[PDB]
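Novice: Dropping the structure in here first, questions after.
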Amino acid sequence: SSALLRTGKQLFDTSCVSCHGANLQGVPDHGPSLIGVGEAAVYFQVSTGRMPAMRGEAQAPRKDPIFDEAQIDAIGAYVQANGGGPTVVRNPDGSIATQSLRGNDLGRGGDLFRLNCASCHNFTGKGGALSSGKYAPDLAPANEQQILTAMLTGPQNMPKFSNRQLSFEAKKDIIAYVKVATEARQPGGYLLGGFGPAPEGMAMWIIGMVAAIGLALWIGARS
Amino acid sequence: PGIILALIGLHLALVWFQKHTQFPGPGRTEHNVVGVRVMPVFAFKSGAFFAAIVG
Amino acid sequence: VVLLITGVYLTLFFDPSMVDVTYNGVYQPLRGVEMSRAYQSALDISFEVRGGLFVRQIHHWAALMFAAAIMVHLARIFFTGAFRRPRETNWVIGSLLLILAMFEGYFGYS
Amino acid sequence: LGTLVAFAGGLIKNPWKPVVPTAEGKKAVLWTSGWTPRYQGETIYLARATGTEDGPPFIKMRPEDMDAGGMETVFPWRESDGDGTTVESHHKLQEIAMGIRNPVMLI
Amino acid sequence: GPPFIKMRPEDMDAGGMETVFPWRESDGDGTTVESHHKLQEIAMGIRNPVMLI
Ligand SMILES: CC(C)=CCC/C(C)=C/CC/C(C)=C\CC/C(C)=C/CC/C(C)=C/CC/C(C)=C/CC/C(C)=C/CC/C(C)=C/CC/C(C)=C/CC1=C(C)C(=O)c2ccccc2C1=O
Ligand SMILES: CC(C)=CCC/C(C)=C\CC/C(C)=C\CC/C(C)=C/CC/C(C)=C/CC/C(C)=C\CC/C(C)=C/CC/C(C)=C\CC/C(C)=C/CC1=C(C)C(=O)c2ccccc2C1=O
Ligand code: HEC
Ligand code: HEC
Ligand code: HEM
């Protein structure tokens with residue numbers, strides 16, 4: 001029943017037309033056109049919850065999603081029927097794919113991540129701050145298809161990596177590196193957040209120095 | 001490390017031969033040092049502090 | 001003192017070169033990557049010597065405690081007024097020690 | 001005086017001696033870049049890094065390999081460098097990859 | 001190309017001596033970096049050299 005996007009253009013009309021237009025034309029006040037975009041953009045924007053957005057400012061944050069029970073497919077197909085944007089990857093069942101996109105190679109994936117991705121996020125995918133509000137979020141709770149569609153559609157202020165400058169193996173290997181870097185142990189004790197020497201200096205000053213000064217107060221008399 | 005070791009030696013020598021300062025109190029003057037002798041007590045406290053810091 | 005001991009231990013495994021090699025070690029997410037010889041020696045200390053990661057972590061924590069204790073000691077000396085007539089030179093020696101400790105820690109973690 | 005001068009005289013180097021061969025003679029290191037032409041009209045491609053070492057660590061680029069919101073880092077290629085098979089070309093490429101004035105952003 | 005080449009029995013007279021090394025043709029000449037590493041490890045082995053009399 002693929003000839004059914006009457007749902008789709010049933011939810012868009014009651015949740016989007018106030019900021020994108022009835023014909024997906026980009027109300028000149030708030031929203032962009034949404035014509036050249038495809039199913040991948042809608043999937044990434046709605047499944048992560050950044051969509052339907054309230055006031056709208058420097059960065060729409062990630063929230064709880066509103067739509068599922070196969071209506072993300074409905075809106076995605078309805079938007080794809082009005083343009084030629086990229087599409088979401090599918091497995092031989094028709095559902096959205098996963099662990100087969102784990103670039104069996106983590107060295108190349110990590111080198112590509114450090115060259116292309118680590119500048120804004122982190123060494124290991126923690127957050128990073130951009131200018132005047134905007135920031136780069138954490139990469140821990142995003143699944144594989146969300147990572148692929150994120151670097152494929154190029155969301156707000158994030159560059160757009162096509163399938164010609166970043167082939168599909170490159171994307172799969174980057175996905176594998178991200179999912180491994182977010183799920184590995186810390187083989188040295190409790191890591192203090194993923195950042196550099198700021199949590200380390202704080203932990204020194206607030207644990208080791210208070211222990212030392214407390215023992216100095218206990219041993220030596222006060223006068 | 002060599003320069004730091006030499007300077008630390010000189011620092012501790014100067015502190016040893018110019019006796020330590022002290023806070024004003026009951027029996028304290030500008031001409032005496034009130035405290036505990038090295039012999040039983042001070043070496044003991046210093047070594048215990050060393051072990052606690054290493055811990 | 002702890003810094004001296006742990007550094008003497010560490011010098012038995014470190015190789016300070018800048019020539020390029022390919023890793024080919026035990027840490028898998030870095031196999032095939034081209035790196036210097038110092039970075040490879042540090043990785044070998046971390047992953048292939050029984051108790052090496054523990055020792056270099058002690059070294060770094062001891063460096064941090066060294067710096068913090070020096071700063072607290074300077075604060076005491078300044079606020080209680082223990083730098084007056086007989087002890088200005090001892091104050092000067094302490095200041096030099098502080099500068100040297102800063103730069104030594106910098107050269108160390110680089 | 002003589003002893004101290006002889007002690008501290010082996011470390012001192014001149015930063016402006018011409019040692020880098022270019023198309024107008026030889027220049028100082030601090031003014032050449034690796035993007036500098038060598039024989040008056042040589043072709044220097046904008047190669048991109050692939051992260052793999054079978055044959056290409058650097059490959060040429062076409063204008064259509066990028067969309068209107070993309071960025072990419074590129075390096076000078078000089079096809080006379082070849083892929084990283086032999087030791088000679090491997091040295092050339094590893095010296096291209098480590099040059100503090102080589103990288104370029106393509107917008 | 002060759003740091004190591006095969007030998008024939010006629011490449012020596014009745015009063016000659018020669019040092020030889022294990023070849024293993026799967027090592028190849030010293031062109032690529034892989035074969036260059038293999039050969040430089042053959043050349044430095046404390047039990048490899050042999051006298052041919
Ligand atoms: C007291 C002294 C500084 C006076 C010097 C006299 C002055 C006229 C000389 C000229 C100096 C010049 C003109 C300006 C100095 C400013 C600066 C550029 C100096 C560079 C180095 C300087 C001399 C070091 C001195 C700094 C000072 C003495 C630190 C002592 C702090 C106090 C006494 C600690 C008491 C106990 C402590 C508070 C336990 C609680 C822990 C708290 C939270 C510590 C706060 C804290 C600190 C202090 C961190 O450094 C830090 C670093 C990274 C992450 C977090 C933290 C952090 O939370
Ligand atoms: C004799 C022998 C060495 C020859 C070797 C023979 C040879 C053939 C063998 C060759 C083998 C070689 C290669 C190696 C041999 C040795 C090697 C294994 C050593 C390498 C590193 C090794 C692991 C080190 C082990 C040693 C370690 C376990 C002991 C460390 C404990 C020591 C150093 C603590 C001393 C503390 C300090 C230096 C003393 C200072 C004086 C004391 C602390 C007073 C300080 C002090 C003063 C001075 C005040 O004025 C004051 C005023 C007011 C309040 C407080 C104080 C105060 O605390
Ligand atoms: C006016 C409030 C508002 C509502 C309601 C809203 N959007 Fe958006 N939308 C925006 C804004 C503003 C952007 C610009 C992207 C940004 O800056 O983050 C955007 C961006 C998008 C994009 C990506 C555009 C691009 O070029 O990549 C898609 C896809 C999208 N919206 C679809 C939807 C969907 C699906 C819904 C749910 C029916 C929805 N919009 C509801 C405001 C809204
Ligand atoms: C600083 C520029 C920048 C670069 C370069 C960049 N990112 Fe992003 N990234 C962002 C920003 C800004 C967002 C937030 C977009 C939004 O919220 O709509 C984001 C969002 C994401 C998200 C969504 C995170 C989540 O929890 O939903 C993922 C996944 C992601 N990026 C992956 C990547 C990967 C992989 C690369 C390397 C190919 C990369 N990014 C490079 C800035 C960047
Ligand atoms: C005296 C003050 C000293 C300070 C403040 C200091 C500080 C440091 C720090 C912070 C590191 C980084 C370690 C890491 O991140 O793993 C380091 C590395 C190192 N230190 Fe020190 N250090 C000191 C003395 C010494 C001494 C005396 C020695 C040897 C005799 C030494 C030997 C080394 C070596 C070999 C390394 C590199 C090994 C490695 O990085 O794993 N240090 N130093």
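Novice: How far, in degrees from 0 to 90, does helix C:37-48 lean away from the longest principal axis of the Cα atoms of chain C, to the nearest 10?
Specialist: So the helix axis and the longest Cα principal axis differ by about 80 degrees.
Novice: Treating only the Cβ of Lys, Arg, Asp and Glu as charged (+1, +1, -1, -1), what charge dipole size does the protein assembly as shown show about its Cα centre? Round to the nearest 20 debye.
Specialist: Working: 47 positive and 47 negative charges, 559 e Å.
The calculation lands at about 2680 debye.
Novice: Work out which GluC sites (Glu not before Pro) in chain A are exposed loop sites (DSSP not H, G, I, E or B, at most 10 other Cβ within 10 Å) and give the longest gap free of them.
Specialist: Working: sites that count: A:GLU57, A:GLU69, A:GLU183.
The segment A:70-182 is the longest one with no such site.
Novice: Continuing with this model, one more query. Tell me which of D:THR36, D:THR85, D:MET61 sits at the most positive position along the dipole axis of chain D, charges placed on C-beta atoms (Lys, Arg +1; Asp, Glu -1).
Specialist: Farthest towards the positive pole: D:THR36.
Novice: From the helices alone, meaning DSSP H stretches of at least four residues, give me the mean residue ellipticity at 222 nm for the protein assembly as shown, per-run term -39500 (n - 2.57), in deg cm²/dmol to the nearest 500. Don't skip to the answer; put the middle values down first.
Specialist: On the way: 18 runs with 204 residues, N = 548.
The per-residue figure over the protein assembly as shown is -11500 deg cm²/dmol.
Novice: Next up: With +1 assigned to the C-beta of every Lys and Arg and -1 to the C-beta of every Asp and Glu, and no other charges, what is the dipole magnitude of the stretch A:1-126 about the Cα centre in debye, to the nearest 20? Could the numbers behind the result be given before it?
Specialist: Numbers: 11 positive and 11 negative charges, 60 e Å.
Dipole about the Cα centre, nearest 20: 280 debye.
Novice: Against the longest alpha carbon principal axis of chain A, how many degrees, from 0 to 90 and to the nearest 10, is the axis of helix A:71-80 turned?
Specialist: 60
Novice: Just to confirm the number: angle between the C-alpha axis of helix E:33-43 and the first principal axis of chain E, 0 to 90 degrees, nearest 10?
Specialist: Between helix and principal axis, roughly 40 degrees.
Novice: A further question follows. Over all residues in D:63-76, what is the mean tally of Cβ atoms on other chains that come within 10 Å of each residue's Cβ?
Specialist: Numbers: counts 0, 3, 5, 6, 8, 4, 8, 8, 6, 6, 2, 0, 0, 0.
That works out to 4 on average.
Novice: Okay, moving on. Take the alpha-carbon centre of the stretch D:45-75, take the same for the stretch A:140-182, and report the distance between them in whole Å.
Specialist: After rounding, the separation between the Cα centres reads 17 Å.
Novice: With θ set to phi - 60° and the Karplus curve 6.51 cos²θ - 1.76 cosθ + 1.60, what are the ³J(HN,Hα) couplings of the stretch B:30-44 in order, to the nearest whole Hz, using x for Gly and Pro?
Specialist: These are the phi-based 3J(HN,Hα) values: 6, 10, 9, 10, 10, x, 10, 6, 4, 3, x, 9, 6, 4, 5 Hz.
Novice: Listed highest first by mean packing, meaning other Cβ atoms within 10 Å per residue, what order do E:44-52, A:207-215 come in?
Specialist: Values: E:44-52: 9.0, A:207-215: 13.2.
The packing order, highest mean first, is A:207-215, E:44-52.
Novice: Looking at A:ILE206, A:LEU191, A:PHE168, which one has the Cα that reaches farthest to the positive end of the dipole of the stretch A:162-223 (charges on Cβ: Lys, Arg +1; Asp, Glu -1)?
Specialist: The residue sitting most towards the positive pole is A:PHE168.
Novice: When you look at the Cβ of every residue in A:110-123, what mean number of other chain Cβ atoms sits within 10 Å?
Specialist: 2
Novice: For a quick check: sort A:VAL17, D:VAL5, D:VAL74 by the number of other beta carbons within 10 angstrom, fewest at the front.
Specialist: Lowest to highest Cβ neighbour count: D:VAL5, A:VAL17, D:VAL74.
Novice: Could you tell me which GluC sites (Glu not before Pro) in the stretch D:1-90 are loop residues by DSSP with no more than 16 other beta carbons within 10 angstrom of their beta carbon? Walk me through the numbers before you get to the answer.
Specialist: Numbers: sites: D:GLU24, D:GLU42, D:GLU53, D:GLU64, D:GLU72, D:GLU79, D:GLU88; in loops: D:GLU24, D:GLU42, D:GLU53, D:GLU64.
Loop-located and lightly packed - D:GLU24, D:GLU42, D:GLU64.
Novice: Same structure again: Give me the log10 of I(q) over I(0) for the protein assembly as shown at q = 0.06, 0.11 Å⁻¹, as the Debye formula computes it from C-alpha points; what are the numbers?
Specialist: -0.55, -1.20
Novice: For a quick check: sort A:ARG6, E:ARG8 by the number of other beta carbons within 10 angstrom, fewest at the front. Before the final figure, lay out each step's value.
Specialist: Numbers: A:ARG6 9, E:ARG8 6.
By the 10 Å Cβ count, ascending, the order reads E:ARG8, A:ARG6.
Novice: Shifting gears a bit: Hey, what does the equivalent ellipsoid look like for the stretch A:78-223, semi-axes from the Cα gyration tensor as sqrt of 5 times each eigenvalue, largest first, whole Å?
Specialist: Numbers: eigenvalues 383, 59, 34 Å².
Taking √(5λ) for each eigenvalue gives 44, 17, 13 Å, largest first.
Novice: Then there is this: Looking at the P(r) of chain B, how many percent of alpha-carbon pairs lie beyond 14 Å?
Specialist: Taking all Cα-Cα pairs of chain B, the fraction more than 14 Å apart is 71 percent.
Novice: List residues of the stretch A:49-87, by number, whose backbone nitrogen lies under 18 Å from a label position 7 Å along Cα→C-beta of A:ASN23.
Specialist: Under 18 Å, as judged by backbone N against the label point of A:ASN23, lie A:79-84 of the stretch A:49-87.
Novice: Where nothing but the Cβ of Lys and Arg (+1) and of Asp and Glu (-1) is charged, how large is the charge dipole of the stretch A:1-65 around its Cα centre, in debye to the nearest 20?
Specialist: On the way: 6 positive and 5 negative charges, 23 e Å.
The calculation lands at about 120 debye.
Novice: When you look at the Cβ of every residue in A:161-170, what mean number of other chain Cβ atoms sits within 10 Å? Could you put the intermediate results ahead of the total?
Specialist: Working: counts 6, 7, 2, 7, 10, 3, 1, 0, 1, 3.
Mean inter-chain Cβ contacts per residue within 10 Å come to 4.
Heads up, the Cβs are rebuilt from the backbone with ideal geometry, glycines too, and the neighbour counts pull from every protein chain shown. Since every read-out is calculated from the coordinates, none of them should be taken as a lab result.
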